[PDB]
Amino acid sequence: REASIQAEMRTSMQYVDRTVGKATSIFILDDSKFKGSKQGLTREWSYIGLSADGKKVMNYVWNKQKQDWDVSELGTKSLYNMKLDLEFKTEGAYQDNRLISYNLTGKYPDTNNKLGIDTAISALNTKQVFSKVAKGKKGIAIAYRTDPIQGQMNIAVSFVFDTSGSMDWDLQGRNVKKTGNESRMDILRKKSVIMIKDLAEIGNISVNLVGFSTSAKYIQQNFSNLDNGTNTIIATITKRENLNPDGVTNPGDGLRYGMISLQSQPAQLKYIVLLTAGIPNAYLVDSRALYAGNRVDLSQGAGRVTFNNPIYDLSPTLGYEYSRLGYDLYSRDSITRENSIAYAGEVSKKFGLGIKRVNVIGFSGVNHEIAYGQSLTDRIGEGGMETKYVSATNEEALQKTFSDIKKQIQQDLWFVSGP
């Protein structure tokens, strides 16, 4: 009657579900983060593992008093010297609950035809569940906590927004006043304020505002922590005087300003949210590029000024001079377009070292005004950081992407904080 050992492993899994249901956060670990005993065990995170030897399902708890783990035997009995194997997986989710699938199996010393409890399914009462297993692992241990992480590293966020003429029109590109619609800038103000409000919910996060047009401008150069009142930023955002559309689209300068402001801050989690609503058509060059017939001035003739051998302005000193500007008001010159994108590429390559991710949002109803958002995002990707491009064609879509960006920020915080 082998039903005894099978029922034993089932009782053990019942104990596991009982303990997991009470957890606020879950993390599936592997051979790296759990090789049995307290080896490599991370502070303040209780576990549930297969026991370094391999036959007693172990449960390590956090004493928090003696600052140590309290080894305990899962359930209360002990099997009859059987070879165990445990494996956890994230099997999707029910309505708003997430499902886990414990899989306990075992064989017996120097024999075959193992025995097992096929695969269970347990729904957790939380949503903060992640997996820290990789490429060829299984997930053999479980990490959790009862009370939330009692405060962790801070986050820095730079909002590089477009403030060009292409932002005064509709989303759908029609006229400003000829239609009863709100300009891209107005809707950006609304959605950005909503983002700011729901962003402070992360806690320990500070955001600054950078605006780019023909050149870049610091709307709020000081990184104000939302924990001390979000109203400090919202005001500057809704301030009717500043932040109005004017000029060509120069993303390189905006990236430079945002990345430098992020490099300054001490938060070990830096992010840049860039919003553009037009094809890139401008860039800034170094004073050196102002040599012989290197600057072709078709400004009054064909409406543009280009540089044959552009030496992009990548100096930490932020300044603007019309004489060092390359642009194409009609955004029809492929040379100026490619150079405007390469400018942001070099800027990201130099000022984007400790940046976690760069979110590029193309906010435009015109199907072609944001045709290079993906290209610009990929170019910025050369800096060696995570880059995500997204297109928002309506107010609802813009709010959806802003909310999703906040969600991803919280997931990176929870993941980085608490393994």
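The first residue of the shown sequence is 1; numbering continues from there.
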Is the mean CA B factor in the deposited entry higher across 104-112 or across 194-202? 104-112
Quick one: say whether 36-44 or 385-393 has the higher mean Cα B-factor in the deposited entry. 36-44
The residue of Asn359, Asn63, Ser364, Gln374 with the maximal C-alpha B-factor according to the PDB record is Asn63
In the PDB entry, which of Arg295, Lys137, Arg256, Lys217 has its C-alpha at the highest B-factor? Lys137
Per the entry's values, where does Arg98 land by CA temperature factor relative to the rest of its chain, in the lowest, middle or highest third? middle
Compared with the other modelled residues in the chain, in which third is the CA B-factor of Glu241? highest
Can you work out whether the C-alpha temperature factor of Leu74 puts it in the lowest, middle or highest third of the chain? highest
How does the C-alpha B factor of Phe212 compare with the rest of the chain: lowest, middle or highest third? lowest
Could you say whether, by C-alpha temperature factor, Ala141 belongs to the lowest, middle or highest third of its chain? middle
